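> Sharing a structure, written as structure tokens. Questions coming.
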Amino acid sequence: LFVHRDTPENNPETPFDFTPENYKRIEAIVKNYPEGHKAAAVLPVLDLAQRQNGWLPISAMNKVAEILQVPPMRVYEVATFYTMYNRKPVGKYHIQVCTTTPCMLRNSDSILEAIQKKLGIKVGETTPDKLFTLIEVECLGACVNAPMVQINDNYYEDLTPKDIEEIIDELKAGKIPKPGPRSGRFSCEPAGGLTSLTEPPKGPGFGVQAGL
Amino acid sequence: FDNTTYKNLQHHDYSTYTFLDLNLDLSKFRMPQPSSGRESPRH
Amino acid sequence: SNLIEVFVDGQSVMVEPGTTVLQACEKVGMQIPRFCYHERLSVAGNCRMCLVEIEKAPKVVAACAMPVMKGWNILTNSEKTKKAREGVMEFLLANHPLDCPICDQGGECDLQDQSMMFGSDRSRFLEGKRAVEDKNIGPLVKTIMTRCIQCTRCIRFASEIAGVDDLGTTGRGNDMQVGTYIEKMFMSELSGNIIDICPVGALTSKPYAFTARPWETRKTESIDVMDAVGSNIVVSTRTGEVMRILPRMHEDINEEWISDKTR
Amino acid sequence: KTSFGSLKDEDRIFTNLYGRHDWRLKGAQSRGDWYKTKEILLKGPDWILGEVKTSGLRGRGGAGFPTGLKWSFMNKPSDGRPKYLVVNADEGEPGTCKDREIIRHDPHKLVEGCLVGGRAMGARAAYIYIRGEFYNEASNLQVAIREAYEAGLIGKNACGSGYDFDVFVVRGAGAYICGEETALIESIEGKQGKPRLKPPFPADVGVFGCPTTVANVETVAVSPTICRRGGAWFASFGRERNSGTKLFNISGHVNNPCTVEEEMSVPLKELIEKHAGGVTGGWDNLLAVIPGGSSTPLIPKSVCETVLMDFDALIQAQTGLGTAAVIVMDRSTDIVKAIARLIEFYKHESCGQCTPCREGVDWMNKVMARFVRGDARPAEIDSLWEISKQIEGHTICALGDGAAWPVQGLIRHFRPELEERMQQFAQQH
Ligand SMILES: Cc1cc2nc3c(=O)[nH]c(=O)nc-3n(C[C@H](O)[C@H](O)[C@H](O)COP(=O)(O)O)c2cc1C
Ligand code: SF4
Ligand code: SF4
Ligand code: SF4
Ligand code: FES
Ligand code: FES
Ligand SMILES: [K+]
């Protein structure tokens, strides 16, 4: 929903303030923009509150409005426009499965159902332990590595039902699995052998025209 | 000369504040910002 | 010397630079249809009802926002322009609720009237409609936001005229909603004017609700006495009873606004 | 020349595309980056704009405007406002992941491009807008920028050239529409990512209200190489007015989905077979290809037999090069469902600002969802065509066109499939 209703857990009196170290980070954010245009810092600072707090209560939105001297409504507009802001609490690991056509064509559905069975939840829900939250997202910009998921800040790619269940098993154990493809390649090169960039790259000055 | 290993592994150790810590680090390298002349459009 | 020559359906007109296409049409008595554009608010360009063909240009332009160029011929009645208006009106009405009998705007509704003059006469929308929850913004302005067409006039008026940044849009796409997000009352001495500028029945007067229809009201042009400004008003009456108070446009006094006490 | 493709590694620009060599400054310099940057800067903006002009480079962000002419809009006297370069790294087009490889594996190409391109425009700084999901890539870019600052390659007196230049990185927060140039500018300013009407154009009133040029990551990252090796060297690739090398993404029903650099105007068939290992199940198993990302209309196998991958060739095939993201669908695909999911994507991504896309795309999505099940009548096909034409060319920004076009491609080339599905539903009910 894109309207707010005060609750005991989410209301203007809910405690939130940036830590002393995050205030230092805020100063560097605000210094990135011309003077007289502090409102440009709304997105990075709002994201900073989420990284500290995990999600965005209304009191966190109010604090950002105060620090940057912007009307709170303009901050509410940003919080509700960009989908990476969590206006409700999310589990420790926010699993985000891409289901757009390129990933769908390479069986993102088998990934989605594998997660649902293993965690016993439905898309949109949080586990009772509050460790995992599962949602579908649009193209995450790793289409040649489909099917893939993002968990918090990391991408996990070239997934199969076995691979994702192994990633979730590692997460449940406190281990932090390595990101990237799980199929054998390292990034976006074709499997079965490079079809380009096999020879060593040229060095400084190669092919440089005259006059420089 | 090797072409069989991935040489982009540093990001396996990045954390929540990696990006903003680097932004804080770069703060001392920037030129002074321009000024619109007022504190904000509402001033 | 400064003026440039443009053409409205072949008729020459001389306009100052910066004049928009829509303003150039006013000069020859042609009123382009609009929803989001209000001459006392900042230009928005979002409703797209003002799309108009420029002769020899393949793409229709938003007349309310496009500055007119020298030698342009604005075709206000071409087939391209008419089809553009029909298409936009079709989208505006796709999710609009079948509320006219119970909606106070009925009879003086810019959506109704521009649908009558510039839209098609039937529907080909076969789906279900959007329904949006209502917002309480005080005892003066009733909200039925399923009627809102997202023109953002109320947002611009509040920010620019009233100097209150409490109205905005939340969400995205078809779910974009106008409101305050939190539960907040829009109590400003000029708040009641958003009833007038809202083109639809999304924002309506609470005291006036359900009491009258526009065609049956007699209009008496009068003056406000609630202060010393002398705001020009219209007193709507019916069968010997004062029904409501409306602003009367006077550029040198109140423009087209009145205070909530006057209203 | 009359045949294109088979680009040699000596002529490839992004030589660390696969990240098998050091992506940091030392590896970049060993590969030719940051070489004679001072000389290029001291040549002057008009010389730099001349080389980009002669190179025939066109925008790699999807619209393909000539880059040299576009960048020359900033080559004008100052008026007291600062000038900015905004590098578009939002990379949100479904099927497109090329810009991701440049940022994380060749970051110093992009940083040097910002300086060289910024110098041509006379900008004081560059803002690189990178989508918020590319966290690890943004951090990589941030590390490279710090190395450039420490080495004195950017910042005060960049490359000892007497020209100051800052490179800022700002992350998005989840919005495909923030890849649109003016929506990107609005997002940097702290507002909802809603596009601006034009005029004014960004070269007159852009970010913070100042003269601005928005350029795609790949467009920027290739400019330093064009200056070093010459525009003529770049124009010797691809057909006339389709110059240069191009990064391709081949995904979907291929054997080895991959990113690769190849000559412009390479045949689509040759690209899929040489680099992606061919269509899954053989070329005979091909059904349709989306050649330039979800915003470009699909083309059937018959068209894919001989078409060339460049702006002009794909326009004559009733589509476009777009981002050159090739999405391949074999004959086991439910083509109507594939397209219906793209319309669902555009429904989730529309900013909602303007009426035809706010309401039209959601309307198209509802109709397509029924077309998937066959729960419609054939008369609704011509209705859906007309609706898509009421969106196209009537919206503020090109997202509305980007949603209309995929629907048009489906109806143009697969009307029998849509009708067959309605016939099947009717007998079953
Ligand atoms: C909905 C939409 C999304 C877009 N996304 C991107 C993008 O992710 N990256 C990009 O470079 N251009 C994107 N564009 C194109 C930009 O608006 C603009 O044309 C481009 O940044 C100009 O740079 P170029 O000339 O170098 O291509 C998008 C356009 C639209 C309408
Ligand atoms: S706003 Fe106008 S069109 Fe809509 S229900 Fe009311 S009278 Fe009818
Ligand atoms: S409430 Fe009325 S004035 Fe405000 S955006 Fe909706 S239709 Fe426009
Ligand atoms: S076409 Fe869609 S995304 Fe573009 S401005 Fe209009 S509503 Fe927003
Ligand atoms: S379609 Fe899933 S990452 Fe692009
Ligand atoms: S009146 Fe011009 S777009 Fe709304
Ligand atoms: K009204």
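Just remember, in the structure tokens the first chain shown is A, the second B, etc., residues are 1-based per chain, and ligands are 1-based in the order shown.
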What residues in chain A have any atom no more than 12 Å from chain B when counting only C-alpha atoms, and can you write them as a PDB file with N, CA, C and O atoms, in the first residue's frame?

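Okay, selection-v2.pdb is ready:
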ATOM      1  N   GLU A  21      28.797   7.858  13.168  1.00  0.00           N
ATOM      2  CA  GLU A  21      29.583   7.585  11.969  1.00  0.00           C
ATOM      3  C   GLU A  21      28.763   7.777  10.703  1.00  0.00           C
ATOM      4  O   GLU A  21      29.302   8.197   9.675  1.00  0.00           O
ATOM      5  N   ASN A  22      27.467   7.470  10.747  1.00  0.00           N
ATOM      6  CA  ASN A  22      26.629   7.693   9.580  1.00  0.00           C
ATOM      7  C   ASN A  22      26.383   9.170   9.331  1.00  0.00           C
ATOM      8  O   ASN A  22      26.112   9.555   8.191  1.00  0.00           O
ATOM      9  N   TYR A  23      26.469  10.006  10.364  1.00  0.00           N
ATOM     10  CA  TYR A  23      26.392  11.441  10.137  1.00  0.00           C
ATOM     11  C   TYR A  23      27.601  11.932   9.352  1.00  0.00           C
ATOM     12  O   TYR A  23      27.469  12.800   8.485  1.00  0.00           O
ATOM     13  N   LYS A  24      28.783  11.376   9.629  1.00  0.00           N
ATOM     14  CA  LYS A  24      29.958  11.712   8.834  1.00  0.00           C
ATOM     15  C   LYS A  24      29.765  11.316   7.381  1.00  0.00           C
ATOM     16  O   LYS A  24      30.110  12.075   6.470  1.00  0.00           O
ATOM     17  N   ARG A  25      29.212  10.126   7.143  1.00  0.00           N
ATOM     18  CA  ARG A  25      28.944   9.694   5.779  1.00  0.00           C
ATOM     19  C   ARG A  25      27.944  10.616   5.103  1.00  0.00           C
ATOM     20  O   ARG A  25      28.043  10.874   3.899  1.00  0.00           O
ATOM     21  N   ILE A  26      26.972  11.124   5.861  1.00  0.00           N
ATOM     22  CA  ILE A  26      25.984  12.037   5.295  1.00  0.00           C
ATOM     23  C   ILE A  26      26.652  13.316   4.814  1.00  0.00           C
ATOM     24  O   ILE A  26      26.271  13.881   3.783  1.00  0.00           O
ATOM     25  N   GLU A  27      27.647  13.803   5.554  1.00  0.00           N
ATOM     26  CA  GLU A  27      28.306  15.044   5.161  1.00  0.00           C
ATOM     27  C   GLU A  27      28.985  14.893   3.811  1.00  0.00           C
ATOM     28  O   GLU A  27      28.928  15.800   2.975  1.00  0.00           O
ATOM     29  N   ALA A  28      29.630  13.752   3.576  1.00  0.00           N
ATOM     30  CA  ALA A  28      30.262  13.522   2.285  1.00  0.00           C
ATOM     31  C   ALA A  28      29.229  13.373   1.180  1.00  0.00           C
ATOM     32  O   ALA A  28      29.488  13.761   0.037  1.00  0.00           O
ATOM     33  N   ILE A  29      28.060  12.814   1.493  1.00  0.00           N
ATOM     34  CA  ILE A  29      26.994  12.724   0.501  1.00  0.00           C
ATOM     35  C   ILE A  29      26.535  14.115   0.090  1.00  0.00           C
ATOM     36  O   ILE A  29      26.387  14.414  -1.098  1.00  0.00           O
ATOM     37  N   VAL A  30      26.291  14.984   1.072  1.00  0.00           N
ATOM     38  CA  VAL A  30      25.741  16.302   0.778  1.00  0.00           C
ATOM     39  C   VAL A  30      26.758  17.171   0.051  1.00  0.00           C
ATOM     40  O   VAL A  30      26.382  18.044  -0.737  1.00  0.00           O
ATOM     41  N   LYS A  31      28.050  16.951   0.287  1.00  0.00           N
ATOM     42  CA  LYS A  31      29.084  17.738  -0.372  1.00  0.00           C
ATOM     43  C   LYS A  31      29.273  17.366  -1.835  1.00  0.00           C
ATOM     44  O   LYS A  31      30.045  18.034  -2.528  1.00  0.00           O
ATOM     45  N   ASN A  32      28.598  16.327  -2.321  1.00  0.00           N
ATOM     46  CA  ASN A  32      28.710  15.922  -3.715  1.00  0.00           C
ATOM     47  C   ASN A  32      27.893  16.790  -4.661  1.00  0.00           C
ATOM     48  O   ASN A  32      28.006  16.613  -5.877  1.00  0.00           O
ATOM     49  N   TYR A  33      27.084  17.707  -4.153  1.00  0.00           N
ATOM     50  CA  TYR A  33      26.131  18.454  -4.953  1.00  0.00           C
ATOM     51  C   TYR A  33      26.345  19.954  -4.811  1.00  0.00           C
ATOM     52  O   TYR A  33      26.897  20.420  -3.810  1.00  0.00           O
ATOM     53  N   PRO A  34      25.913  20.739  -5.797  1.00  0.00           N
ATOM     54  CA  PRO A  34      26.066  22.192  -5.695  1.00  0.00           C
ATOM     55  C   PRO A  34      25.340  22.740  -4.480  1.00  0.00           C
ATOM     56  O   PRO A  34      24.287  22.242  -4.079  1.00  0.00           O
ATOM     57  N   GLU A  35      25.920  23.774  -3.887  1.00  0.00           N
ATOM     58  CA  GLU A  35      25.286  24.428  -2.756  1.00  0.00           C
ATOM     59  C   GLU A  35      23.978  25.073  -3.195  1.00  0.00           C
ATOM     60  O   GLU A  35      23.886  25.659  -4.274  1.00  0.00           O
ATOM     61  N   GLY A  36      22.962  24.956  -2.351  1.00  0.00           N
ATOM     62  CA  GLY A  36      21.628  25.362  -2.716  1.00  0.00           C
ATOM     63  C   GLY A  36      20.780  24.262  -3.302  1.00  0.00           C
ATOM     64  O   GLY A  36      19.631  24.521  -3.673  1.00  0.00           O
ATOM     65  N   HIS A  37      21.306  23.045  -3.396  1.00  0.00           N
ATOM     66  CA  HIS A  37      20.595  21.915  -3.975  1.00  0.00           C
ATOM     67  C   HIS A  37      20.767  20.687  -3.099  1.00  0.00           C
ATOM     68  O   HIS A  37      21.004  19.581  -3.588  1.00  0.00           O
ATOM     69  N   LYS A  38      20.646  20.870  -1.784  1.00  0.00           N
ATOM     70  CA  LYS A  38      20.786  19.758  -0.851  1.00  0.00           C
ATOM     71  C   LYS A  38      19.745  18.674  -1.075  1.00  0.00           C
ATOM     72  O   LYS A  38      19.972  17.527  -0.681  1.00  0.00           O
ATOM     73  N   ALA A  39      18.608  19.003  -1.686  1.00  0.00           N
ATOM     74  CA  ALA A  39      17.582  17.998  -1.917  1.00  0.00           C
ATOM     75  C   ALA A  39      18.091  16.850  -2.773  1.00  0.00           C
ATOM     76  O   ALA A  39      17.513  15.763  -2.735  1.00  0.00           O
ATOM     77  N   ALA A  40      19.159  17.065  -3.540  1.00  0.00           N
ATOM     78  CA  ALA A  40      19.728  15.993  -4.341  1.00  0.00           C
ATOM     79  C   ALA A  40      20.218  14.835  -3.488  1.00  0.00           C
ATOM     80  O   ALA A  40      20.329  13.714  -3.991  1.00  0.00           O
ATOM     81  N   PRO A  44      20.428   9.092  -1.723  1.00  0.00           N
ATOM     82  CA  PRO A  44      21.517   8.421  -0.997  1.00  0.00           C
ATOM     83  C   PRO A  44      21.331   8.413   0.510  1.00  0.00           C
ATOM     84  O   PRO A  44      21.666   7.419   1.159  1.00  0.00           O
ATOM     85  N   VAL A  45      20.809   9.494   1.088  1.00  0.00           N
ATOM     86  CA  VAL A  45      20.642   9.547   2.537  1.00  0.00           C
ATOM     87  C   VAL A  45      19.512   8.632   2.978  1.00  0.00           C
ATOM     88  O   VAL A  45      19.607   7.960   4.010  1.00  0.00           O
ATOM     89  N   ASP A  47      18.595   5.899   1.456  1.00  0.00           N
ATOM     90  CA  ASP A  47      19.170   4.563   1.390  1.00  0.00           C
ATOM     91  C   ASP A  47      20.092   4.294   2.571  1.00  0.00           C
ATOM     92  O   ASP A  47      20.157   3.163   3.062  1.00  0.00           O
ATOM     93  N   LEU A  48      20.809   5.315   3.040  1.00  0.00           N
ATOM     94  CA  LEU A  48      21.680   5.140   4.195  1.00  0.00           C
ATOM     95  C   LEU A  48      20.883   4.774   5.441  1.00  0.00           C
ATOM     96  O   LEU A  48      21.323   3.950   6.247  1.00  0.00           O
ATOM     97  N   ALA A  49      19.713   5.385   5.622  1.00  0.00           N
ATOM     98  CA  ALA A  49      18.876   5.045   6.766  1.00  0.00           C
ATOM     99  C   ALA A  49      18.437   3.590   6.706  1.00  0.00           C
ATOM    100  O   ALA A  49      18.415   2.897   7.727  1.00  0.00           O
ATOM    101  N   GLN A  50      18.086   3.110   5.517  1.00  0.00           N
ATOM    102  CA  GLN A  50      17.694   1.716   5.354  1.00  0.00           C
ATOM    103  C   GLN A  50      18.851   0.771   5.655  1.00  0.00           C
ATOM    104  O   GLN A  50      18.652  -0.288   6.255  1.00  0.00           O
ATOM    105  N   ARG A  51      20.067   1.128   5.239  1.00  0.00           N
ATOM    106  CA  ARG A  51      21.208   0.253   5.492  1.00  0.00           C
ATOM    107  C   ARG A  51      21.505   0.149   6.980  1.00  0.00           C
ATOM    108  O   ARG A  51      21.874  -0.922   7.471  1.00  0.00           O
ATOM    109  N   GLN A  52      21.358   1.251   7.712  1.00  0.00           N
ATOM    110  CA  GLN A  52      21.505   1.207   9.161  1.00  0.00           C
ATOM    111  C   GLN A  52      20.353   0.448   9.811  1.00  0.00           C
ATOM    112  O   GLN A  52      20.571  -0.443  10.636  1.00  0.00           O
ATOM    113  N   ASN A  53      19.119   0.778   9.439  1.00  0.00           N
ATOM    114  CA  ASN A  53      17.942   0.303  10.153  1.00  0.00           C
ATOM    115  C   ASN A  53      17.327  -0.954   9.556  1.00  0.00           C
ATOM    116  O   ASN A  53      16.539  -1.615  10.238  1.00  0.00           O
ATOM    117  N   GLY A  54      17.655  -1.298   8.318  1.00  0.00           N
ATOM    118  CA  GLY A  54      17.059  -2.428   7.627  1.00  0.00           C
ATOM    119  C   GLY A  54      15.857  -2.059   6.781  1.00  0.00           C
ATOM    120  O   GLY A  54      15.667  -2.607   5.696  1.00  0.00           O
ATOM    121  N   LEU A  68      17.894  17.433   5.748  1.00  0.00           N
ATOM    122  CA  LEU A  68      18.092  18.097   4.471  1.00  0.00           C
ATOM    123  C   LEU A  68      17.176  19.296   4.271  1.00  0.00           C
ATOM    124  O   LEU A  68      17.241  19.931   3.215  1.00  0.00           O
ATOM    125  N   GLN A  69      16.335  19.621   5.250  1.00  0.00           N
ATOM    126  CA  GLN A  69      15.409  20.748   5.156  1.00  0.00           C
ATOM    127  C   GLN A  69      14.538  20.648   3.906  1.00  0.00           C
ATOM    128  O   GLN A  69      14.393  21.600   3.140  1.00  0.00           O
ATOM    129  N   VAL A  70      13.957  19.473   3.697  1.00  0.00           N
ATOM    130  CA  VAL A  70      13.013  19.269   2.603  1.00  0.00           C
ATOM    131  C   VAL A  70      11.666  18.920   3.223  1.00  0.00           C
ATOM    132  O   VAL A  70      11.628  18.277   4.280  1.00  0.00           O
ATOM    133  N   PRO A  71      10.548  19.317   2.629  1.00  0.00           N
ATOM    134  CA  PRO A  71       9.252  18.953   3.194  1.00  0.00           C
ATOM    135  C   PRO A  71       9.123  17.447   3.312  1.00  0.00           C
ATOM    136  O   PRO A  71       9.498  16.713   2.389  1.00  0.00           O
ATOM    137  N   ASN A 152      20.157  -9.494  -0.764  1.00  0.00           N
ATOM    138  CA  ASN A 152      20.755  -8.275  -0.218  1.00  0.00           C
ATOM    139  C   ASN A 152      21.550  -7.626  -1.345  1.00  0.00           C
ATOM    140  O   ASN A 152      20.944  -7.268  -2.370  1.00  0.00           O
ATOM    141  N   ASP A 153      22.864  -7.468  -1.230  1.00  0.00           N
ATOM    142  CA  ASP A 153      23.654  -6.747  -2.218  1.00  0.00           C
ATOM    143  C   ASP A 153      24.329  -7.649  -3.243  1.00  0.00           C
ATOM    144  O   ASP A 153      25.065  -7.144  -4.092  1.00  0.00           O
ATOM    145  N   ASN A 154      24.098  -8.956  -3.200  1.00  0.00           N
ATOM    146  CA  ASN A 154      24.861  -9.906  -3.993  1.00  0.00           C
ATOM    147  C   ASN A 154      23.998 -10.566  -5.060  1.00  0.00           C
ATOM    148  O   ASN A 154      22.803 -10.797  -4.865  1.00  0.00           O
ATOM    149  N   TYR A 155      24.623 -10.866  -6.192  1.00  0.00           N
ATOM    150  CA  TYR A 155      23.993 -11.591  -7.286  1.00  0.00           C
ATOM    151  C   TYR A 155      24.433 -13.047  -7.263  1.00  0.00           C
ATOM    152  O   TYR A 155      25.605 -13.348  -7.030  1.00  0.00           O
ATOM    153  N   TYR A 156      23.490 -13.946  -7.518  1.00  0.00           N
ATOM    154  CA  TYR A 156      23.771 -15.367  -7.670  1.00  0.00           C
ATOM    155  C   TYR A 156      23.163 -15.817  -8.986  1.00  0.00           C
ATOM    156  O   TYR A 156      21.969 -15.618  -9.222  1.00  0.00           O
ATOM    157  N   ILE A 176      28.404 -17.060   4.479  1.00  0.00           N
ATOM    158  CA  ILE A 176      28.063 -16.078   3.460  1.00  0.00           C
ATOM    159  C   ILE A 176      28.551 -16.603   2.113  1.00  0.00           C
ATOM    160  O   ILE A 176      29.746 -16.573   1.819  1.00  0.00           O
ATOM    161  N   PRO A 177      27.652 -17.120   1.274  1.00  0.00           N
ATOM    162  CA  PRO A 177      28.097 -17.760   0.032  1.00  0.00           C
ATOM    163  C   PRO A 177      28.676 -16.756  -0.948  1.00  0.00           C
ATOM    164  O   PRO A 177      28.293 -15.587  -0.981  1.00  0.00           O
ATOM    165  N   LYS A 178      29.605 -17.233  -1.763  1.00  0.00           N
ATOM    166  CA  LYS A 178      30.237 -16.363  -2.738  1.00  0.00           C
ATOM    167  C   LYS A 178      29.257 -16.040  -3.864  1.00  0.00           C
ATOM    168  O   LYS A 178      28.495 -16.911  -4.290  1.00  0.00           O
ATOM    169  N   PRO A 179      29.251 -14.812  -4.363  1.00  0.00           N
ATOM    170  CA  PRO A 179      28.322 -14.440  -5.430  1.00  0.00           C
ATOM    171  C   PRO A 179      28.864 -14.856  -6.795  1.00  0.00           C
ATOM    172  O   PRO A 179      29.965 -15.378  -6.921  1.00  0.00           O
ATOM    173  N   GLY A 180      28.059 -14.611  -7.822  1.00  0.00           N
ATOM    174  CA  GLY A 180      28.451 -14.901  -9.178  1.00  0.00           C
ATOM    175  C   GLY A 180      27.843 -16.188  -9.695  1.00  0.00           C
ATOM    176  O   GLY A 180      27.059 -16.852  -9.013  1.00  0.00           O
ATOM    177  N   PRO A 181      28.199 -16.563 -10.922  1.00  0.00           N
ATOM    178  CA  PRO A 181      27.619 -17.770 -11.523  1.00  0.00           C
ATOM    179  C   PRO A 181      27.957 -19.020 -10.729  1.00  0.00           C
ATOM    180  O   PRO A 181      29.018 -19.128 -10.115  1.00  0.00           O
ATOM    181  N   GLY A 184      29.930 -22.745 -13.680  1.00  0.00           N
ATOM    182  CA  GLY A 184      31.262 -23.108 -14.117  1.00  0.00           C
ATOM    183  C   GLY A 184      32.055 -21.947 -14.671  1.00  0.00           C
ATOM    184  O   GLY A 184      33.282 -21.921 -14.550  1.00  0.00           O
ATOM    185  N   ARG A 185      31.382 -20.980 -15.281  1.00  0.00           N
ATOM    186  CA  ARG A 185      32.065 -19.803 -15.787  1.00  0.00           C
ATOM    187  C   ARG A 185      32.178 -18.749 -14.691  1.00  0.00           C
ATOM    188  O   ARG A 185      31.586 -18.863 -13.619  1.00  0.00           O
ATOM    189  N   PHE A 186      32.955 -17.709 -14.977  1.00  0.00           N
ATOM    190  CA  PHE A 186      33.259 -16.674 -14.001  1.00  0.00           C
ATOM    191  C   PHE A 186      32.340 -15.466 -14.093  1.00  0.00           C
ATOM    192  O   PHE A 186      32.020 -14.867 -13.065  1.00  0.00           O
ATOM    193  N   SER A 187      31.916 -15.081 -15.293  1.00  0.00           N
ATOM    194  CA  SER A 187      31.038 -13.927 -15.434  1.00  0.00           C
ATOM    195  C   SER A 187      30.138 -14.061 -16.654  1.00  0.00           C
ATOM    196  O   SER A 187      29.144 -14.788 -16.616  1.00  0.00           O
ATOM    197  N   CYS A 188      30.467 -13.363 -17.737  1.00  0.00           N
ATOM    198  CA  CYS A 188      29.595 -13.284 -18.901  1.00  0.00           C
ATOM    199  C   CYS A 188      30.238 -13.848 -20.159  1.00  0.00           C
ATOM    200  O   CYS A 188      29.718 -13.626 -21.255  1.00  0.00           O
ATOM    201  N   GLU A 189      31.348 -14.548 -20.041  1.00  0.00           N
ATOM    202  CA  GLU A 189      31.930 -15.161 -21.218  1.00  0.00           C
ATOM    203  C   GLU A 189      31.144 -16.413 -21.590  1.00  0.00           C
ATOM    204  O   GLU A 189      30.552 -17.060 -20.723  1.00  0.00           O
ATOM    205  N   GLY A 193      34.298 -22.105 -23.804  1.00  0.00           N
ATOM    206  CA  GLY A 193      35.490 -21.506 -24.369  1.00  0.00           C
ATOM    207  C   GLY A 193      35.279 -20.107 -24.904  1.00  0.00           C
ATOM    208  O   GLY A 193      34.269 -19.830 -25.554  1.00  0.00           O
ATOM    209  N   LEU A 194      36.229 -19.217 -24.636  1.00  0.00           N
ATOM    210  CA  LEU A 194      36.158 -17.863 -25.163  1.00  0.00           C
ATOM    211  C   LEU A 194      36.117 -17.883 -26.685  1.00  0.00           C
ATOM    212  O   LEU A 194      36.907 -18.578 -27.330  1.00  0.00           O
ATOM    213  N   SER A 196      36.352 -14.861 -28.124  1.00  0.00           N
ATOM    214  CA  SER A 196      37.037 -13.606 -28.387  1.00  0.00           C
ATOM    215  C   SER A 196      37.947 -13.313 -27.203  1.00  0.00           C
ATOM    216  O   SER A 196      37.854 -13.950 -26.153  1.00  0.00           O
ATOM    217  N   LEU A 197      38.834 -12.336 -27.388  1.00  0.00           N
ATOM    218  CA  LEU A 197      39.771 -11.911 -26.349  1.00  0.00           C
ATOM    219  C   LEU A 197      40.682 -13.050 -25.901  1.00  0.00           C
ATOM    220  O   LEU A 197      41.084 -13.115 -24.739  1.00  0.00           O
ATOM    221  N   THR A 198      41.024 -13.961 -26.812  1.00  0.00           N
ATOM    222  CA  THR A 198      41.941 -15.037 -26.457  1.00  0.00           C
ATOM    223  C   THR A 198      43.396 -14.575 -26.420  1.00  0.00           C
ATOM    224  O   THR A 198      44.149 -15.002 -25.541  1.00  0.00           O
ATOM    225  N   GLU A 199      43.810 -13.713 -27.343  1.00  0.00           N
ATOM    226  CA  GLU A 199      45.195 -13.274 -27.366  1.00  0.00           C
ATOM    227  C   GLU A 199      45.449 -12.168 -26.342  1.00  0.00           C
ATOM    228  O   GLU A 199      44.525 -11.451 -25.950  1.00  0.00           O
ATOM    229  N   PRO A 200      46.691 -12.024 -25.884  1.00  0.00           N
ATOM    230  CA  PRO A 200      47.001 -10.990 -24.892  1.00  0.00           C
ATOM    231  C   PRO A 200      46.700  -9.605 -25.433  1.00  0.00           C
ATOM    232  O   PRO A 200      46.971  -9.315 -26.606  1.00  0.00           O
ATOM    233  N   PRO A 201      46.137  -8.721 -24.613  1.00  0.00           N
ATOM    234  CA  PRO A 201      45.795  -7.384 -25.105  1.00  0.00           C
ATOM    235  C   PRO A 201      47.030  -6.571 -25.448  1.00  0.00           C
ATOM    236  O   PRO A 201      48.119  -6.787 -24.913  1.00  0.00           O
TER     237      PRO A 201
END
> Find the residues near ligand 3. Use a cut-off of 10 Å, count only C-alpha atoms and all ligand atoms, and write them as a PyMOL selection string.
chain C and resi 35-36+47+111+143-158+167-169+177-179+194-204
> Would you mind listing, as a compact mmCIF listing (two decimals) with N, CA, C and O atoms, in the first residue's frame, all residues of chain D that have at least one atom within 6 Å of chain C, where only C-alpha atoms are what counts?

# COMPACT_ATOMS: atom_id res chain seq x y z
N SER D 350 6.29 1.93 -15.62
CA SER D 350 5.76 3.24 -15.99
C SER D 350 5.74 4.16 -14.79
O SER D 350 5.31 3.78 -13.70
N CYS D 351 6.23 5.39 -14.97
CA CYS D 351 6.28 6.32 -13.85
C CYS D 351 4.89 6.79 -13.45
O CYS D 351 4.69 7.20 -12.31
N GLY D 352 3.92 6.72 -14.36
CA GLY D 352 2.57 7.14 -14.07
C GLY D 352 2.30 8.60 -14.31
O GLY D 352 1.17 9.04 -14.11
N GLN D 353 3.30 9.36 -14.76
CA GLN D 353 3.12 10.80 -14.90
C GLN D 353 2.04 11.14 -15.92
O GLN D 353 1.12 11.91 -15.63
N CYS D 354 2.13 10.58 -17.12
CA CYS D 354 1.31 11.04 -18.23
C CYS D 354 0.27 9.99 -18.61
O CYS D 354 0.49 8.79 -18.48
N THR D 355 -0.88 10.48 -19.08
CA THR D 355 -2.08 9.65 -19.17
C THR D 355 -1.93 8.44 -20.08
O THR D 355 -2.28 7.33 -19.65
N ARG D 358 0.33 5.82 -18.23
CA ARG D 358 -0.21 5.45 -16.93
C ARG D 358 -1.42 4.54 -17.08
O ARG D 358 -1.53 3.52 -16.40
N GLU D 359 -2.34 4.89 -17.98
CA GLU D 359 -3.55 4.12 -18.18
C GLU D 359 -3.45 3.15 -19.35
O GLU D 359 -3.97 2.03 -19.26
N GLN D 390 -2.42 4.65 -29.97
CA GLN D 390 -2.81 5.80 -29.18
C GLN D 390 -1.81 6.11 -28.09
O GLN D 390 -1.78 7.24 -27.59
